[PDB]
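Structure 1 and structure 2 below are the same protein chain in two forms, each given by itself as structure tokens.
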Structure 1
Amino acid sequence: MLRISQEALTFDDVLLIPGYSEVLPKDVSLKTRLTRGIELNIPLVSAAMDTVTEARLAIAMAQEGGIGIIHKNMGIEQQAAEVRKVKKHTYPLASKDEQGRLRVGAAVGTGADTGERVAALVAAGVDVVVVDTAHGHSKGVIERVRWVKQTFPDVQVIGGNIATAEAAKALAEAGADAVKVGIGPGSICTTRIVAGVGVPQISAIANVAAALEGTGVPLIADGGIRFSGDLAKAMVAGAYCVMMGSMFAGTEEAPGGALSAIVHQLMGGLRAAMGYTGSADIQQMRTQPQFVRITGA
């Protein structure tokens, strides 16, 4: 009578099966979407962590073809200033808005300052507001996502974090332009030890991807990626892109080597996986390849 919904799988539970391939790793397309309205040339997002993303690293992420989410452990005036630095800043893949400015995102919470914070970020020219808490399937987050969409209809909004189909549907209904997936996997996050709560990330991604199929709402896989192999698996489970934190934290660009080298490795691995599965682009990678389930052995 124990209420078990399903067996749920993490990265180490699965491997990608090779499939017939004609397109070499160097030739596949990595283009994807962050949100309904924002495209990325690589499926990489940097985390809204105070050890990872401020203006310097967000500029670098945008130049690489991804995007950075400025963390919110700072005052409103400073966070707006971080956004302005990016917006005012050869990188052929660079993520840019219609005015040719580098794209940037910024995190907000649900606390008392949120309305004022969102307004300041929008005024600073932020491309996307990320309503970002430990539990996105909540009145607080869902209300705030709807408020941002209704109040600032010209900005993109992301809600998270979630790990279920029901949560995905709730955020989509609130007007989210993308959802962020990950409850438990944050490299350690002591969510499992302290609250006993979590959903293994491969299942979490797949369940959200299935819920959002046909909606046009992207999903971002946030947490638990240690190697480029995990990144490839996240994509095949259905993620549109992956958010990384601690792997970027030691870099020259992160707050007190080069980020470019880590990005190159990560995308090298993803390209290798696409070659193995015969996936010519991200849409194929998300929808066609298969996994095998493996044992502890």
Structure 2
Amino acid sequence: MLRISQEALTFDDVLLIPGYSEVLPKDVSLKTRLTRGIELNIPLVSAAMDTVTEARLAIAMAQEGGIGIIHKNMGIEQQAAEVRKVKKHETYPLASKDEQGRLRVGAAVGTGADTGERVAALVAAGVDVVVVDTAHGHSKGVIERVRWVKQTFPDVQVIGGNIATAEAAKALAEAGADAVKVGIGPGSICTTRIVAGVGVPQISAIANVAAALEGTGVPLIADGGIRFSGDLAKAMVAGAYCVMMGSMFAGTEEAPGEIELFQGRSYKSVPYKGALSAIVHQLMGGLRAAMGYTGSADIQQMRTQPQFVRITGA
């Protein structure tokens, strides 16, 4: 009577099958949704990590057609100030903008004592989306905080996470979440897996959440386990609306830290990776190629039509 719910698959267990194709990679549409109310021109979000997203990188992400979530490892007023820098910034045709033409930005909040105050300062600063973001989103604290943000600040979008199950997705949707963020123990050597023994392989987690939210209009953001552009394509076909990147964007020019030379190589103080735009271009190129192979003219087709093969270790 070992209680095994299912066999769960990760990115390396699957490959996308080619299908009949008419639309070239350069001509497919990458338009998607972050939340019920926020559209993005490319399906990429930068993580709320202190080595990844502050105002500078959030601006660059919005300009590329994605969005940045400003991290919460700073004071309330400091975080609000970062949001303000993004909202007040003055050739980028794909730029993610609100109704006033200002760049979009998100900000992360936890569930600790001063969260209510943090949310109010972020909303007053013009934040587009508040991400109620903890290790365990299927919990009383996160569900209640999501509900509170939705009831107190009905004009801001709210994202809840992190989750990995159909049941958690429904609980957050029911609490009023405008999107959910998917990813608990998504990588092989994650702390969560080693220390706690907890996780769900990310391809199955995405598919389980996608099936649970089908017909609700609530997007899901895949957060974790993405190493190559090929994994971005697989995440979308599994049902993600977009994908959150973390350490992949750390060390870029726009990310926090200053450049440092050490033993004939460049680092930030993590290798120095140059302009964010070059990494985004490569990730997009790979997604466009995959859409070319699967014959998917747009994101809606990519999420719903192509098939996987499951493969062995060999």
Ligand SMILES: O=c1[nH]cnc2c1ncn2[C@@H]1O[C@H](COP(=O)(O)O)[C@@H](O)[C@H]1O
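Only residues modelled in both forms are compared. C-alpha atoms forming the largest set that superposes within 1.5 Å between two forms make up the rigid core. Please note that residue numbering is based on structure 1, beginning with 1 at the start of its sequence.
Comparing the two isolated copies of the chain, the first one is the form solved in complex with ligand IMP. The comparison between structures 1 and 2, aligned on the rigid core, picks out a single residue among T215, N73, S187, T151 whose CA moves by 2 Å or more, and that residue is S187. Its Cα shifted by 0.2 Å, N161 is compared between structures 1 and 2 on a rigid core fit.
When the two forms are overlaid on the core, a lone consecutive residue run of 3+ whose CA positions all differ by 2 Å or more between structures 1 and 2 maps to 186-189.
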